[PDB]
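For reference, the structure discussed in these notes is given below.
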Amino acid sequence: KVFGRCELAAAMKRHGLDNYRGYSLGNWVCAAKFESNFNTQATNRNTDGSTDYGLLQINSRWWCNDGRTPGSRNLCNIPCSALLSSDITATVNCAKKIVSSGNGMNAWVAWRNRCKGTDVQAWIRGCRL
C-alpha cells in the first residue's frame, strides 16, 4: 500500500513511534519517504545479496528472514514479507529494535543522508495529529 504523508504520520504515532528513543515523528516520516517513497511493498536488493524491505527498508542480513540471505540473524523474528503488509505493525516493532541497537536512526542511511539535521518537522506539518 502507498501511504499518504499524514496518513502515515498518524499510523506511526498510534504505533508509538513519536519520540521513540528521542526521535520526533517527523524523523520517522522523513525516513519512510526516502527509504521507500511511502510504499510498504518496496524491496531493494543489495550487492552482499541481502535485500531491504518495506517502508523502512529493513535488512534481511540482520533483521528478518527471507530464506535467501545466508547467515542472516533474523533479529526481529519475522519473515521479511511481513514488512510489506499494509498493516505497519511488524515494521514498527522491528524499527523499534533497530533504533535501539546502538546507532539510533543512523542505521537508516537515507535518514542519515537526507533527514538528519534538516527541519524534519515539516514532514508532519498540516497533519491532523
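Ligands are numbered from 1 in the order shown, chains are lettered A, B, ... in the order of the C-alpha cells, and residues start at 1 in each chain.
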Restrict the calculation to only C-alpha atoms, then for each residue of stretch 83-105 of chain A with any atom at most 12 Å from an atom of stretch 42-47 of chain A give the closest atom pair and their distance in Å to one decimal, rows by chain and rising residue number, as a Markdown table.
| residue | atom | partner | partner_atom | distance |
| --- | --- | --- | --- | --- |
| A:83 | CA | A:42 | CA | 9.3 |
| A:84 | CA | A:42 | CA | 7.2 |
| A:85 | CA | A:42 | CA | 10.4 |
| A:86 | CA | A:42 | CA | 11.5 |
Can you write out the residues you just picked, keeping N, CA and C atoms, as a compact mmCIF listing (two decimals), in the first residue's frame?
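The result, stored in again.txt:
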# COMPACT_ATOMS: atom_id res chain seq x y z
N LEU A 83 7.05 -7.37 6.46
CA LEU A 83 7.38 -5.95 6.37
C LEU A 83 6.79 -5.25 5.17
N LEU A 84 6.07 -5.99 4.35
CA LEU A 84 5.48 -5.40 3.20
C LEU A 84 3.99 -5.23 3.33
N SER A 85 3.41 -5.63 4.46
CA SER A 85 1.98 -5.55 4.70
C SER A 85 1.43 -4.15 4.70
N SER A 86 0.13 -3.98 4.50
CA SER A 86 -0.39 -2.62 4.58
C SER A 86 -0.55 -2.25 6.07
For this session: Skip residue A:56 itself and residues of its chain fewer than 3 positions away, then list as a PyMOL selection string all residues within 9 Å of it, counting only C-alpha atoms.
Result: chain A and resi 28+31-36+38+40+42+52-53+83+91-92+95+108
For this session: Would you list the contacts of stretch 15-21 of chain A as a PyMOL selection string, taking every protein, DNA or RNA residue within 10 Å and counting only C-alpha atoms, but skipping same-chain residues closer than 2 positions in sequence?
Result: chain A and resi 9-13+23-29+88-89+92-93+95-96+99-100+104-105
For this session: Go through A:103, A:50, A:129, A:68 and flag the residue nearest residue A:14, using only C-alpha atoms for the distances.
Result: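 Counting only C-alpha atoms, the residue closest to residue A:14 is A:129.
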Problem set entry | Distance query residue A:49 at most 12 Å, only C-alpha atoms, self and fewer than 5 positions along chain excluded, as a PyMOL selection string | chain A and resi 44+59-61+66-72
For this session: Quick one: pull the distance between atom CA of residue A:112 and atom CA of residue A:4, Å, one decimal.
Result: 22.2 Å
Please return as a PDB file with N, CA and C atoms, in the first residue's frame: the residues of chain A that backbone DSSP assigns to strand (DSSP E or B).
ATOM      1  N   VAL A   2       0.484   2.304  -0.724  1.00  0.00           N
ATOM      2  CA  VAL A   2       1.217   3.545  -0.755  1.00  0.00           C
ATOM      3  C   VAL A   2       0.531   4.508   0.186  1.00  0.00           C
ATOM      4  N   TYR A  20      10.040   8.122  19.992  1.00  0.00           N
ATOM      5  CA  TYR A  20      10.549   6.859  20.422  1.00  0.00           C
ATOM      6  C   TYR A  20      12.074   6.951  20.356  1.00  0.00           C
ATOM      7  N   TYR A  23      13.494  10.260  18.933  1.00  0.00           N
ATOM      8  CA  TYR A  23      13.249  10.726  17.567  1.00  0.00           C
ATOM      9  C   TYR A  23      11.824  11.169  17.341  1.00  0.00           C
ATOM     10  N   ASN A  39       5.915   3.567   0.120  1.00  0.00           N
ATOM     11  CA  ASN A  39       5.358   2.311  -0.375  1.00  0.00           C
ATOM     12  C   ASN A  39       5.742   1.132   0.535  1.00  0.00           C
ATOM     13  N   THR A  43      11.059  -3.092  -2.232  1.00  0.00           N
ATOM     14  CA  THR A  43      12.164  -4.009  -1.994  1.00  0.00           C
ATOM     15  C   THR A  43      13.341  -3.534  -2.834  1.00  0.00           C
ATOM     16  N   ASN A  44      14.546  -3.790  -2.328  1.00  0.00           N
ATOM     17  CA  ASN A  44      15.759  -3.446  -2.969  1.00  0.00           C
ATOM     18  C   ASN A  44      16.809  -4.442  -2.586  1.00  0.00           C
ATOM     19  N   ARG A  45      17.461  -4.980  -3.597  1.00  0.00           N
ATOM     20  CA  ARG A  45      18.479  -5.961  -3.324  1.00  0.00           C
ATOM     21  C   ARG A  45      19.822  -5.286  -3.143  1.00  0.00           C
ATOM     22  N   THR A  51      18.529  -8.248   1.123  1.00  0.00           N
ATOM     23  CA  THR A  51      17.549  -7.411   0.481  1.00  0.00           C
ATOM     24  C   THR A  51      16.924  -6.575   1.564  1.00  0.00           C
ATOM     25  N   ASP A  52      16.442  -5.392   1.164  1.00  0.00           N
ATOM     26  CA  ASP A  52      15.786  -4.438   2.102  1.00  0.00           C
ATOM     27  C   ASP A  52      14.300  -4.441   1.886  1.00  0.00           C
ATOM     28  N   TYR A  53      13.485  -4.347   2.913  1.00  0.00           N
ATOM     29  CA  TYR A  53      12.074  -4.494   2.672  1.00  0.00           C
ATOM     30  C   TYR A  53      11.200  -3.464   3.376  1.00  0.00           C
ATOM     31  N   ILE A  58      14.099  -2.472   5.872  1.00  0.00           N
ATOM     32  CA  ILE A  58      14.758  -3.253   6.878  1.00  0.00           C
ATOM     33  C   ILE A  58      15.472  -4.415   6.221  1.00  0.00           C
ATOM     34  N   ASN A  59      16.722  -4.583   6.616  1.00  0.00           N
ATOM     35  CA  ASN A  59      17.639  -5.531   6.017  1.00  0.00           C
ATOM     36  C   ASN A  59      17.536  -6.978   6.446  1.00  0.00           C
ATOM     37  N   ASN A  65      13.850 -12.841   8.247  1.00  0.00           N
ATOM     38  CA  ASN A  65      14.263 -13.961   7.442  1.00  0.00           C
ATOM     39  C   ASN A  65      13.586 -13.944   6.105  1.00  0.00           C
ATOM     40  N   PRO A  79       9.317 -13.090   9.106  1.00  0.00           N
ATOM     41  CA  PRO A  79       9.646 -13.278   7.698  1.00  0.00           C
ATOM     42  C   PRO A  79       9.640 -11.866   7.137  1.00  0.00           C
TER      43      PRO A  79
END
For this session: Work out how far apart atom CA of residue A:113 and atom CA of residue A:87 are and give it in Å to one decimal.
Result: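 Here the two named atoms are 27.0 Å from each other.
One distance worth recording is that between atom CA of residue A:82 and atom CA of residue A:116, which is 27.4 Å.
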Exercise. How would you write, as a PyMOL selection string, the set of residues in chain A that DSSP gives as helix (DSSP H, G or I)?
Worked result: chain A and resi 5-14+25-36+80-84+89-99+104-107+109-114+120-124
Would you save the residues from that selection as a tab-separated table (two decimals), in the first residue's frame, using C-alpha atoms?
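Just written: result.tsv:
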chain	number	residue	atom	x	y	z
A	5	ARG	CA	2.24	11.59	4.34
A	6	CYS	CA	-0.20	12.47	7.11
A	7	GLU	CA	-1.86	9.12	6.97
A	8	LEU	CA	1.46	7.60	7.67
A	9	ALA	CA	2.36	10.14	10.35
A	10	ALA	CA	-0.83	9.19	12.17
A	11	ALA	CA	-0.34	5.48	11.90
A	12	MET	CA	3.13	5.75	13.14
A	13	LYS	CA	2.02	7.96	16.04
A	14	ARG	CA	-0.62	5.46	17.01
A	25	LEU	CA	7.60	11.80	14.37
A	26	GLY	CA	8.95	13.82	11.59
A	27	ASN	CA	12.22	11.81	11.60
A	28	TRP	CA	10.27	8.61	11.01
A	29	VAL	CA	8.14	10.07	8.30
A	30	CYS	CA	11.12	11.60	6.57
A	31	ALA	CA	12.90	8.33	6.63
A	32	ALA	CA	9.99	6.40	5.22
A	33	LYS	CA	9.76	8.96	2.47
A	34	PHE	CA	13.29	8.48	1.41
A	35	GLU	CA	13.63	4.81	2.08
A	36	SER	CA	10.52	3.66	0.20
A	80	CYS	CA	10.72	-10.29	5.62
A	81	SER	CA	7.41	-10.43	3.73
A	82	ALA	CA	5.64	-9.37	6.88
A	83	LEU	CA	7.38	-5.95	6.37
A	84	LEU	CA	5.48	-5.40	3.20
A	89	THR	CA	2.86	-3.15	12.90
A	90	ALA	CA	5.67	-5.53	12.12
A	91	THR	CA	7.67	-2.74	10.52
A	92	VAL	CA	7.12	-0.56	13.51
A	93	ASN	CA	8.06	-3.21	16.07
A	94	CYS	CA	11.16	-4.17	14.13
A	95	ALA	CA	12.15	-0.48	13.70
A	96	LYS	CA	11.97	-0.03	17.42
A	97	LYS	CA	14.52	-2.82	17.93
A	98	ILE	CA	16.86	-1.44	15.26
A	99	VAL	CA	16.79	2.11	16.53
A	104	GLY	CA	19.92	5.29	16.68
A	105	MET	CA	18.48	6.29	13.41
A	106	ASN	CA	21.89	6.33	11.74
A	107	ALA	CA	21.04	2.70	10.94
A	109	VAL	CA	21.41	5.51	5.54
A	110	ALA	CA	18.71	7.61	3.90
A	111	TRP	CA	17.84	9.22	7.20
A	112	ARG	CA	21.38	9.98	7.86
A	113	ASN	CA	21.90	11.38	4.42
A	114	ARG	CA	18.65	13.17	3.83
A	120	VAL	CA	12.04	17.26	9.85
A	121	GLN	CA	9.03	18.78	11.45
A	122	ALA	CA	7.98	19.83	8.03
A	123	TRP	CA	7.13	16.19	7.45
A	124	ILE	CA	4.14	16.33	9.83
Exercise. For residue A:64, which residue out of A:48, A:77, A:41, A:101 is the nearest one, using only C-alpha atoms?
Worked result: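 Using only C-alpha atoms, residue A:64 sits closest to A:77.
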